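1. got a sequence here, can you model it:
(one chain, ligands or ions: 3)
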Amino acid sequence: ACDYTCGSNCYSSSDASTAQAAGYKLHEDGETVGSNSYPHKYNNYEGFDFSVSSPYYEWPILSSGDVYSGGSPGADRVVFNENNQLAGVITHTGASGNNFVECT
Ligand SMILES: Nc1nc2c(ncn2[C@@H]2O[C@H](CO)[C@@H](O)[C@H]2OP(=O)(O)O)c(=O)[nH]1
Ligand SMILES: [Ca+2]
Ligand SMILES: [Ca+2]
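-> Residues are numbered from 1 along each chain as shown. Ligands and ions are numbered 1, 2, ... in the order given. Structure data below:
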């Protein structure tokens, strides 16, 4: 079973933790990768009801199981905060334009 389902993509908690750890490390070191400069602040324009505190940062989580290193980011993202807490997993899949919807 999937802990997070982003469209057709199936993710386990371990996938989210592995992705979050990579993005958090880059955040703490003040570095970014990719043309879109990940990780970067997530403003929560969508108004998701995150239970943890801000600031929030988005980082790509890949369907292949591989850790993002600068290529195409795909549609899915893990959102984490300043205290290394997972806020949520979201996706562009099933959403209009560049909006996000939450993964189930
Ligand atoms: N949809 C959305 N985009 C955000 C948010 N916070 C930052 N962004 C960025 O705002 C711009 C319009 O969506 C994009 O550059 C997007 O970054 P990403 O495209 O890297 O996600 C947010 O809360 N929602
Ligand atoms: Ca996996
Ligand atoms: Ca692999």
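2. from now on I want contacts and neighbour counts done on CA atoms only, so please keep to that.
-> Will do.
3. report the buried residues of stretch 92-104.
-> 92-93, 100-103 (16 or more other CA atoms under 10 Å).
4. my bad, stretch 73-84
-> For stretch 73-84, by 16+ other CA under 10 Å, it's 73, 75-81.
5. again, but for stretch 15-35
-> Buried-residue list, stretch 15-35, by 16+ other CA under 10 Å: 15-16, 19-20, 22-24, 26-27, 32.
6. coming back round to it: in strands only, show me the buried residues of stretch 73-84.
-> 76-81 (DSSP state E).
7. wait, residue 51 sits on residue 86?
-> No - in terms of CA atoms under 8 Å, residue 51 does not count as a neighbour of residue 86; the distance is 9.6 Å.
8. which one's more surrounded, these two?
-> Higher neighbour count among residue 51 and residue 86: residue 86, with 19 against 9, using other CA atoms under 10 Å.
9. which residues touch residue 16?
-> Residue 16 is in contact with 61, 78, 89, counting by CA atoms under 8 Å, 6 or more residues apart in numbering.
10. how about 7 Å then?
-> Counting by CA atoms under 7 Å, 6 or more residues apart in numbering, residue 16 makes contact with residue 78.
11. just checking, it is part of a strand?
-> No - judged by DSSP: H, G, I helix; E, B strand; the rest coil, residue 16 forms no part of a strand; its state is helix.
12. list the residues that contact the residue in the chain that ligand 1 sits nearest to.
-> Residue of the chain nearest ligand 1, by CA to the nearest ligand atom: residue 44 (3.2 Å). If you count contacts by CA under 7 Å, 6+ apart, residue 44 has none.
13. how far away is it from residue 35?
-> 21 Å (CA to CA, to the nearest Å).
14. and for residue 46?
-> 23 Å.
15. make JSON lines from the buried residues of stretch 73-84 and add distance to residue 5 to it.
-> Output for the buried residues of stretch 73-84, formatted as JSON lines (distance: CA to CA, whole Å):
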{"residue": "73", "distance to residue 5": "17"}
{"residue": "75", "distance to residue 5": "12"}
{"residue": "76", "distance to residue 5": "10"}
{"residue": "77", "distance to residue 5": "12"}
{"residue": "78", "distance to residue 5": "12"}
{"residue": "79", "distance to residue 5": "15"}
{"residue": "80", "distance to residue 5": "18"}
{"residue": "81", "distance to residue 5": "21"}
